Amino acid sequence: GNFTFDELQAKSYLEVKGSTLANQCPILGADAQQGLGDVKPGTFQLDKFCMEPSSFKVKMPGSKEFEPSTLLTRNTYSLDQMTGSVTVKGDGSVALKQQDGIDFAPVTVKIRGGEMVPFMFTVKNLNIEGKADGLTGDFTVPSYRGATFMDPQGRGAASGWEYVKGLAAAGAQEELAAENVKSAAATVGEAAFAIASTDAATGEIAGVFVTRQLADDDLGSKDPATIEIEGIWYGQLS
Amino acid sequence: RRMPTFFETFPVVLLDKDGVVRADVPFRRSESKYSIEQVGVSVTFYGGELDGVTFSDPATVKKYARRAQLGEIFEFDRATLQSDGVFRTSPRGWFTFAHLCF
Amino acid sequence: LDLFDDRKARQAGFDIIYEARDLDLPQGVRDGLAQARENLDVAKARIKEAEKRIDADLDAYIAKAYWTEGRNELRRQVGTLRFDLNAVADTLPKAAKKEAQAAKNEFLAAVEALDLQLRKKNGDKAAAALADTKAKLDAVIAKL
Amino acid sequence: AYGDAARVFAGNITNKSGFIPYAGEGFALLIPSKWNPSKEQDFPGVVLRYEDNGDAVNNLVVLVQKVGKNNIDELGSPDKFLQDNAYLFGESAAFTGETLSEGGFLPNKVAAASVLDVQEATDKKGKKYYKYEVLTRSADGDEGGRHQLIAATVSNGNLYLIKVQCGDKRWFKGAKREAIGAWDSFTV
Amino acid sequence: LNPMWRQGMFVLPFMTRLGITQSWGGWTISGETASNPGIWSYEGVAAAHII
Amino acid sequence: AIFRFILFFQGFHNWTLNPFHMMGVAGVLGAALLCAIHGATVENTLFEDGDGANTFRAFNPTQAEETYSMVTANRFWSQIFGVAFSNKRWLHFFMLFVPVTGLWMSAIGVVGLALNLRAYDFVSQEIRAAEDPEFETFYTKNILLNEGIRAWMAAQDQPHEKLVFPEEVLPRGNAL
Amino acid sequence: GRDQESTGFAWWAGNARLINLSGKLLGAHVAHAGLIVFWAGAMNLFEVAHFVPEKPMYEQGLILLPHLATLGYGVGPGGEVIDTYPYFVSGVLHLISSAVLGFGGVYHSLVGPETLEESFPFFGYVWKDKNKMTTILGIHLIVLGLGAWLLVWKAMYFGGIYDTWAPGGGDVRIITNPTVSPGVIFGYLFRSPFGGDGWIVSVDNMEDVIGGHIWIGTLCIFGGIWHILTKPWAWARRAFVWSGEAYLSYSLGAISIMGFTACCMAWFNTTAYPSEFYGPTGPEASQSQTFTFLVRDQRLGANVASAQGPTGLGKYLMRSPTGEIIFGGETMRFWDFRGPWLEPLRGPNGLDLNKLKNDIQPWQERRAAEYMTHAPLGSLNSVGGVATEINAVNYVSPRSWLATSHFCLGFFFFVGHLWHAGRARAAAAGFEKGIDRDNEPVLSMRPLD
Amino acid sequence: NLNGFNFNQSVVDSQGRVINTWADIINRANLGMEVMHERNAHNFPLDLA
Ligand SMILES: CCCCCCCCCCCCCCCCCC(=O)OC[C@H](CO[C@@H]1O[C@H](CO[C@H]2O[C@H](CO)[C@H](O)[C@H](O)[C@H]2O)[C@H](O)[C@H](O)[C@H]1O)OC(=O)CCCCCCCCCCCCCCCCC
Ligand code: CLA
Ligand code: CLA
Ligand SMILES: CCCCCCCCCCCCCCCC(=O)OC[C@H](COP(=O)(O)OC[C@@H](O)CO)OC(=O)CCCCCCCCCCCCCCC
Ligand SMILES: CC1=C(/C=C/C(C)=C/C=C/C(C)=C/C=C/C=C(C)/C=C/C=C(C)/C=C/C2=C(C)CCCC2(C)C)C(C)(C)CCC1
Ligand SMILES: CC1=C(/C=C/C(C)=C/C=C/C(C)=C/C=C/C=C(C)/C=C/C=C(C)/C=C/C2=C(C)CCCC2(C)C)C(C)(C)CCC1
Ligand code: OEX
Ligand SMILES: [Cl-]
């Protein structure tokens, strides 16, 4: 980060263009009270909610420990401009729900062995609740590829060949029955958010997040891996 | 509709006795008007190994309609010689090719 | 397929993109210049909305030092202001339209100065130019 | 031999309206002059079908179906009539699965139809008509949607229906004129 | 259970004996993850010999 | 009509992937290269047989001495390219030999293609792409292009087959 | 005239017979200038007589009229042609001046002095006299600087020039504060030619154009004065070939570079080449198509921000490789586009979701639709659309014509520069007519390995 | 984007019907190889790039 919302809005597009400052989340000023702060209990409208990751770890199927990864797709992995609702109770319990906005970004990383691991970074339909220092929840992870995506041999779920066009002699291809079927089914993930600062003067919040989800499976043709994503987040309450 | 000699791959369409299309295996399954699932086509075998056996599962019906393009459906042993699955040519073709070049 | 009721989309402006691409229609109809001249109510409403938006939003943006937002606002909805002013002033007698043209030219020079100051990021100069622009816009509106 | 001289130095074009009139069994319409006859019968009761030379997506079809009612209103409300005849836009029967990665589509749906306009009107003779205007979109985005124009009526105990299809890509490039002309000329 | 010597490697143990354990592919002869392999990896040494 | 013939040969036979056609195109392009390079080299190593800037008039067909410097041409092309001709007879025989061999190889390829003996596919690549839905090369893209060409040209190019194809069986990409 | 008997140059190379004839060369140059002015005037008259007001300028195949529109002549707010008389005036003036120039060239080429080195010493010259050539170069540099200043005066005092970025729509503005900052001027000149940077083609406001023209006028005048008062130094005498053909080759290379730059500017620029008079550019059409499809699908009740495409990247909005919010699809390569109708919806970090969800204007939508349908695609017989379309539309973009023609001209003049530089270097050395049989240079060198 | 000659639907009979030509067969082949050049890189109907 290292820039606030006002500082970001004080620039020009030609000054931000190319500097990778559009892939970052704003931080709060010195007026931000620590913890939950002085927020009046109630339900607020969430706006400008963004999450900037700071590390990716991959646990290959068959391993019990996460591993570091190297990003391959440059600065395209920040979710931003999401909108929703935030409710604060008198005790301190808070509930966060995400409705719209850019809440998904495909990401590809490489691991120690040299295997590229695509995954679908998203917090779509986020539903978390808990205290200020911890918010456990879940989200839905849509398929990496759509139903109309066609594989290199022209096989797709809702459009494409249902078999292998090249192997004409093999009438049924019972050996290839596994790869001829495509399913774009969705899955779910888990999240654990936290709140570190809050400014009731302008209705701004910030904290950290840790999420766990699954990598892609090439439309049901692979065993997905588990990926842990951690970083910071920011949002505005109004 | 039987697959002509020219085509390496041919679409699967089903015609009635008047030559009008009635069913096919669609490439774009978002909207379909002659889909086998819609029409409800079934296959029955007369004579041979599968005499008297009727298949109504759409996947099996599609699989058998795919092999009807090649002509008479047969049973092959693709394990003795590890056949890859692409058609070859006969001594007729080899002789003709070699002697034209010569 | 599955039916959806979207009959109210046309009342929301669904045919604007299809009419703008109709090569049979004249260019004035495609660009919307013919409709505004035929119906001056649209021009008057656009002028009033542009004036109100200029006042409130320019004050807010210059106060908080939002230069990009201020310039975009100056050319987002106000983008038809010159054409609307010309159309309104073309329906006036010779002397009245001459005075309106002079006032409009002065106002446009004021807006140009305000945009230059917003680009150069001078808060006090931009505020003074904005006050002058508001005065000139009020004068030209009263002239029409 | 024929003996007919060539039309040298002729300043008149035989046909320039872009439409060719057609006289059928109980109906008449103006078919676009650049469309060729087709041998496909996708819906029950097809008695006429024409498709464009350039793109086969643009086509029209006329259905004459047998019903008991002698009036179109007895088949239900225009909304109910359109709901009953929803097979005219096709069905996603071949796609059997669940998905959540479509652009602006309901879950497990790869196609949708937007009813842009409905209308009920009577001709000069005095026969009621049901006019529809739909835009069906696909998951992949074929041609940016398809425009369907439907005009249905009942005469002598039979239902007469016409559906004119035109891809959006051709629709906004100037081919909407032929489709609208064929749709508006349907007389029974 | 699948060490260097079970795969019939001849020159790789001789490279490893003198202190080369990392590769440009990200892996390490001990099963860990490579940290800045540098010029002197297995591939680097092979390329140096070719040059 | 010849353009349609060429496109048909691409769509149905994969004629671009035939080694005999590759030899033919290599021969044709090499013949053009040889023609241009020989013309330029002869014209830029001439001898000063006149006083006018128009050098076309300093020649006589019945003369004995050659009109250009073979030694200078050989040295130039030896220092520029690495190899050069030192025999005029060998030069001109090579000029004759290249396009004739290219065209003969192309003819043998077309003779082979007459019986649908086309080098159409690589079986290993097809099997790998079938087993692994992530493997893609330019060869598979060319295969898909050929399939599209065949499917969309078959109906009109061959009226005798009476192919009626519903719009939903023709292969097609997303939004295009 | 002359003949091959006393010159040695054939009829197909006959213009080389007047290399050392100053009067005839001057006559030929004056006649050619008259021809250029004649074409300008005649083409302007032809284009002004075939112009209808119901269609935009770029839809009628005009290339000279948009040049006068950008100077603020006969145009109004929004980019609508209002008056036509100034175009007629310009064409008539050009035609009559061409008549005068043609008479002068014919006189100087037919009956004028053949070699003006004895009767007119001021105008006489020798190709090998460096001082005289440098003096002539300085005089013409002063003239060009005066022309640049004349362009500058138009945008300041004589009504101004059309500004497509003016607040409240494009209109003929007056440039009061040109950018004369050395850092700004040097930034355009020494910029990379690749994407994003764009070299000098990326100039995005009229203030920079006017400031650069002030700079170039001052530089040209100062350089002309410098060359009139000086002569080439030793390091310059040691590096160049001093002959008429050599000077011609230098000029040919310079103008080939100029032609390539003009082609690129016509294809890519939007400030000096407003889309109101030239039509949309390449990227502009794709951005407009994505914008209008987003608007239409949003009107049908869809979530554009969260919509996912077949590949899983985003149907309408995706993220640029540096982080900016851009359009989705194949138009992800054109995210460097910046146009007057799209900038108001763009925030500091790219496109603004709320702005394009609640504050999209009908004029913006109309501009997007018009630039989508009039894409710069066509055929040689002027058939609009992609190569797999039908014969329905007779349209080819004015940007395509200028770009293609000027690329062809630039390449051919580069080839001409190569030819003439080689010939000049050979002829000055003295072996342009062939090798000497008596003394062949190669025979005196040691054989290679 | 200054393509070659486009003689598509050029020959038209007296009543307006289109008479095909070798150019139209070439157009059919082009349409075949156009919709399959990039199967998933397009979201909108026009390939303006
Ligand atoms: C000093 C010596 C040179 C030093 C540097 C040499 C580097 C060499 C690197 C190796 C590769 C070769 C060169 C590649 C050039 C690629 C040019 C390019 O991608 O683009 C060219 C650029 C265009 O830049 C574009 O500029 C655009 C301008 O932006 C803005 O433009 C307007 C501004 O108002 C609009 O607002 C618009 O919306 C907005 O985008 C965008 O930025 C684009 O992204 C950007 O690509 O043009 C320009 O730089 C202007 C013209 C440049 C020269 C001519 C190019 C064409 C001819 C090639 C050579 C000759 C070939 C024929 C002879 C062959 C035999 C010898
Ligand atoms: C761009 C135009 C152009 C121009 C301006 C010139 C100019 C010139 N040429 Mg070149 N030339 C050109 C193209 C051009 N040429 C081309 C394309 C070729 C290849 C065919 C040649 C080949 C060539 C040769 C072979 C020779 C020249 C020579 C000459 C020069 C002598 C003139 C003369 O003796 O002719 C006398 C000709 C005539 C009496 C005919 C008169 C017709 C007039 C000039 C027509 C213009 C009139 C116009 C319709 C009305 C204008 C009047 C006004 C009031 C409007 C002259 C400076 C000569 C030279 O080298 O001089 C030393 C010569 O030997 N030229
Ligand atoms: C019309 C075009 C023009 C032409 C053809 C010439 C031609 C010539 N110039 Mg002149 N000159 C011009 C305009 C022109 N000049 C202008 C406008 C100025 C004012 C700056 C000068 C000032 C000038 C000086 C000070 C000198 C010459 C010299 C020379 C000769 C050397 C050739 C050369 O450039 O070396 C080949 C080129 C190079 C080695 C590299 C040059 C490219 C520069 C460094 C690029 C960067 C530009 C520079 C930093 C300027 C600032 C940028 C701008 C934004 C302010 C040659 C006769 C020399 C001489 O003989 O004088 C008698 C010399 O010393 N010229
Ligand atoms: C810094 C240099 C930059 C350019 C470097 C160019 C390097 C290429 C030089 C190739 C020379 C080979 C000549 C063999 C044969 C040889 O020794 O040539 C030498 C031969 C000798 O001619 P003579 O007149 O002496 O022959 C007398 C007669 O009696 C022969 O029977 O001259 C030629 O035929 C010239 C034609 C060269 C034709 C080149 C063919 C193209 C190369 C193929 C590239 C394949 C690449 C595969 C990569 C996987
Ligand atoms: C020397 C020479 C040459 C050349 C020449 C030349 C290049 C010339 C030019 C010339 C020129 C360049 C001329 C011009 C002229 C012009 C004129 C004579 C004009 C006139 C005009 C008028 C008469 C107008 C009228 C009008 C008006 C006023 C208004 C509107 C209408 C009108 C248009 C009617 C040659 C090649 C043969 C070769 C040999 C030598
Ligand atoms: C107006 C304007 C502007 C401005 C501009 C300017 C100011 C420019 C300048 C320019 C310049 C200032 C240029 C320059 C150039 C140069 C060159 C291009 C050079 C070249 C050289 C050469 C080629 C050389 C060679 C050689 C060598 C190397 C060696 C020895 C020999 C010789 C000498 C030959 C701007 C953009 C702002 C904006 C728009 C408008
Ligand atoms: O990348 Mn290679 O190909 Ca020239 O078009 Mn648009 O982009 Mn894609 O599609 Mn078609
Ligand atoms: Cl796209």
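- The Sequence similarities (unreviewed entry) comment attached to chain F in UniProt states, word for word, "Belongs to the reaction center PufL/M/PsbA/D family."
- According to the UniProt record, the Catalytic activity (unreviewed entry) comment for chain F is "2 a plastoquinone + 4 hnu + 2 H2O = 2 a plastoquinol + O2".

1. Thoughts on the overall build of chain F
Phase 1 of the analysis: Scanning chain F from N- to C-terminus turns up 6 helices and 0 strands.
Phase 2 of the analysis: When its helices and strands are written in sequence order, chain F yields α-α-α-α-α-α.
Phase 3 of the analysis: Over its C-alpha trace chain F gives a radius of gyration of 26 Å, far above what one expects of a compact globule, namely 16 Å for 176 residues.
Phase 4 of the analysis: Based on the C-alpha atoms only, the size of chain F along its principal axes is roughly 75 × 40 × 35 Å.
Phase 5 of the analysis: The buried share of chain F, taken over its 176 residues, is 37%.
Phase 6 of the analysis: For chain F, contacts bridging at least 24 residues in sequence account for 57% of all contacts bridging at least 6.
Phase 7 of the analysis: For chain F, the accessible surface area stands at approximately 9,600 Å², while carbon and sulfur atoms represent 66% of it.
Phase 8 of the analysis: The centroid of the 11 positive side-chain charges in chain F is displaced by 4 Å from the centroid of its 17 negative side-chain charges.

2. With respect to the pairing of strand β7 (residues 128–138) of chain D
All names here are of chain D.
Phase 1 of the analysis: Most of β7 sits inside the fold, with 9 of its 11 residues counted as buried.
Phase 2 of the analysis: Looking at chain direction, strand β6 (residues 111–122) and β7 are connected through 11 bridges and run antiparallel. If you follow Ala112 over to β7, its bridge partner there is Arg137.
Phase 3 of the analysis: Once β6 ends, the chain turns through 5 residues before running back antiparallel as β7, passing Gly126 with a positive phi of about 120 degrees.

3. Side note on the state of the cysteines
Phase 1 of the analysis: For the structure shown, the criterion picks out 1 disulfide over all chains.
Phase 2 of the analysis: The disulfide bridge from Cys25(A) ends at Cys50(A), spanning 2.0 Å between sulfur atoms. Of this pair, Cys25(A) sits in the loop between α2 (13–16) and β1 (33–34) while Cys50(A) sits in strand β2 (residues 42–59), and the two are 25 residues apart along the sequence. Like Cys25(A), the residue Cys50(A) is buried in the burial classification.
Phase 3 of the analysis: Here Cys263(G) is not disulfide-linked; the sulfur of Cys264(G) is the nearest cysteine sulfur, at 4.9 Å.
Phase 4 of the analysis: Here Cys263(G) falls in the buried class, since its relative accessible area comes to 10%.

4. A word on the coordination of the magnesium atom of ligand 3
Octahedral metals with six donors have ideal donor angles of 90 or 180 degrees. Tetrahedral metals with four donors have an ideal donor angle of 109.5 degrees.
Phase 1 of the analysis: If you check the protein contacts of the magnesium atom of ligand 3, you find one donor only, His227(G) (NE2), at 2.3 Å.
Phase 2 of the analysis: Within the secondary structure, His227(G) is located in helix α7 (residues 206–228).

5. Thoughts on the site of ligand 5
Residue and element names in this part refer to chain G.
Phase 1 of the analysis: Close to ligand 5 lie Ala31, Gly34, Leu35, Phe38, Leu45, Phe88, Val92, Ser98, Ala99, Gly102 and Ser109, which account for all nearby residues.
Phase 2 of the analysis: Contact with the protein chains removes 41% of the 970 Å² of surface that ligand 5 exposes when unbound.
Phase 3 of the analysis: Those elements that provide at least two residues to the shell around ligand 5 are α2 (22–49) and α4 (85–110).
Phase 4 of the analysis: Ranked by residue count, the leading element in the shell around ligand 5 is α4, at 6 residues.
Phase 5 of the analysis: A class-by-class count of the residues in the shell around ligand 5 yields 7 nonpolar, 4 polar and no charged.

6. Let's talk about the packing of helix α4 (residues 40–64) of chain C against helix α5 (residues 67–74) of chain C
All names here are of chain C.
Phase 1 of the analysis: Where α4 contacts α5, the two axes come as close as 9 Å, and the packing angle between them is 170 degrees. By the angle between their axes, α4 is roughly antiparallel relative to α5. Within the contact between the two elements, α4 uses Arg53, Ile54, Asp57, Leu58 and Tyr61 and α5 uses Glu69, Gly70, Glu73 and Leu74.
Phase 2 of the analysis: Of the residues in the contact of α4 with α5, the class split is 4 nonpolar, 1 polar and 4 charged.

7. Quick word on the interface of chain C and chain G
Phase 1 of the analysis: Between chain C and chain G, the residue contacts involve 41 residues of the former and 41 residues of the latter.
Phase 2 of the analysis: Between chain C and chain G lies a buried interface of about 3,600 Å² when both sides are counted; carbon and sulfur atoms form 53% of it.
Phase 3 of the analysis: On inspection of chain C and its partner chain G, the count reaches 8 salt bridges.
Phase 4 of the analysis: Close ionic contact of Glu207(G) with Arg119(C) constitutes a salt bridge, the shortest N to O distance being 3.5 Å.
Phase 5 of the analysis: At the junction of chain C and chain G, the tally comes to 15 residue pairs in polar contact.
Phase 6 of the analysis: Elements represented by at least two residues in the side of chain C that touches chain G include exactly α1 (16–20), α2 (27–31), α3 (33–38), α5, α6 (81–89) and α7 (94–120) of chain C.
Phase 7 of the analysis: Broken down by element, the residue count for the side of chain C that touches chain G peaks at 6 residues, all from α7(C).
Phase 8 of the analysis: For the side of chain C that touches chain G, the class distribution of residues is 17 nonpolar, 10 polar and 14 charged.

8. Remarks on the sheet that holds strand β4 (residues 70–71) of chain A
All names here are of chain A.
Phase 1 of the analysis: Taken together, 3 strands build an open sheet; the order of strands is β4-β7-β8 and the sheet is antiparallel. Across the chains shown, the open sheet's two edge strands, defined by having one partner strand only, are β4 and β8 (116–122).
Phase 2 of the analysis: Examined bridge by bridge, strand β7 (residues 104–110) and β8 share 7 bridges and lie antiparallel to one another. What sits directly across from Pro106, in β8, is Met120.

9. Here's the deal with the environment of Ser288(G)
Phase 1 of the analysis: Take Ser288(G): it is sitting in helix α11 (residues 282–299).
Phase 2 of the analysis: Taking C-alpha positions, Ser288(G) is 9.8 Å from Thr331(G), a pair spaced 43 residues apart along the chain.

10. Quick word on the interface of chain H and chain F
Phase 1 of the analysis: The interface of chain H with chain F comprises 21 residues on the first partner and 19 residues on the second.
Phase 2 of the analysis: Counting each side, the surface lost to burial between chain H and chain F is near 2,100 Å², with a carbon and sulfur contribution of 69%.
Phase 3 of the analysis: For the pair chain H and chain F, the number of links is 1 salt bridge.
Phase 4 of the analysis: Taking the shortest distance from any N to any O, the salt bridge between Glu136(F) and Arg39(H) comes out at 3.0 Å.
Phase 5 of the analysis: Our count for the contact surface shared by chain H and chain F stands at 5 residue pairs in polar contact.
Phase 6 of the analysis: Looking at the side of chain H that touches chain F, its residues break down into 10 nonpolar, 7 polar and 4 charged.

11. Section: the side chain of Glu147(F)
Phase 1 of the analysis: For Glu147(F), the position within the fold is in helix α6 (residues 138–157).
Phase 2 of the analysis: Despite its burial, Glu147(F) remains without a salt bridge, the nearest opposite charge being carried by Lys165(A) at 4.5 Å.

12. Structural notes on unusual backbone geometry
Phase 1 of the analysis: Unusually for a residue other than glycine, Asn108(D) sits at a positive phi of about 65 degrees.
Phase 2 of the analysis: Positionally, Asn108(D) belongs in the loop between α1 (78–84) and β6.
Phase 3 of the analysis: Phi angles above zero are rare outside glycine, and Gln9(H) is one such case at about 55 degrees.
Phase 4 of the analysis: Mapped onto the elements, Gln9(H) comes out in the segment before α1 (22–34).
Phase 5 of the analysis: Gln9(H) sits in the buried class, given a relative accessible area of 8%.

Rules used in this analysis
- Residues numbered from 1 in each chain as written, not as in the entry; some residues may be left out.
- Chains lettered and ligands numbered in written order.
- Part of a larger assembly, values for the part shown.
- Heavy atoms only, no water.
- UniProt positions renumbered as here; feature names shortened; annotations may be inferred.
- Helix = DSSP H or I, 4+ residues; strand = E, 2+ residues; numbered from the N terminus.
- Rg over C-alpha atoms; globule rule 2.2 N^0.38 Å.
- Buried < 20%, exposed > 50% of the residue type's maximum accessible area, 1.4 Å probe, protein only.
- Contact = heavy atoms within 4.5 Å.
- Areas by Shrake-Rupley, 256 points an atom, 1.4 Å probe, with all protein chains shown as cover.
- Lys, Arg positive; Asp, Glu negative; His and termini not counted.
- Charge placed at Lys NZ, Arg CZ, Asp CG, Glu CD.
- Pairing = 2+ DSSP bridges.
- Disulfide = S-S within 2.5 Å.
- Donors = N, O, S within 2.8 Å, 3.2 Å for Na, K, Ca; no water.
- Near = heavy atom within 4 Å.
- Nonpolar A, V, L, I, M, F, W, Y, C, P; charged D, E, K, R; others polar.
- Axes fitted to C-alpha atoms, helices over the stretch in contact; angles between N-to-C directions.
- Parallel < 35°, antiparallel > 145°, perpendicular 65-115°, else oblique.
- Buried area = accessible area lost by both parts, 1.4 Å probe.
- Salt bridge = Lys/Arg side-chain N within 4 Å of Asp/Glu carboxyl O.
- Polar contact = N/O pair within 3.5 Å; in protein donor to acceptor, adjacent residues only side chain to side chain.

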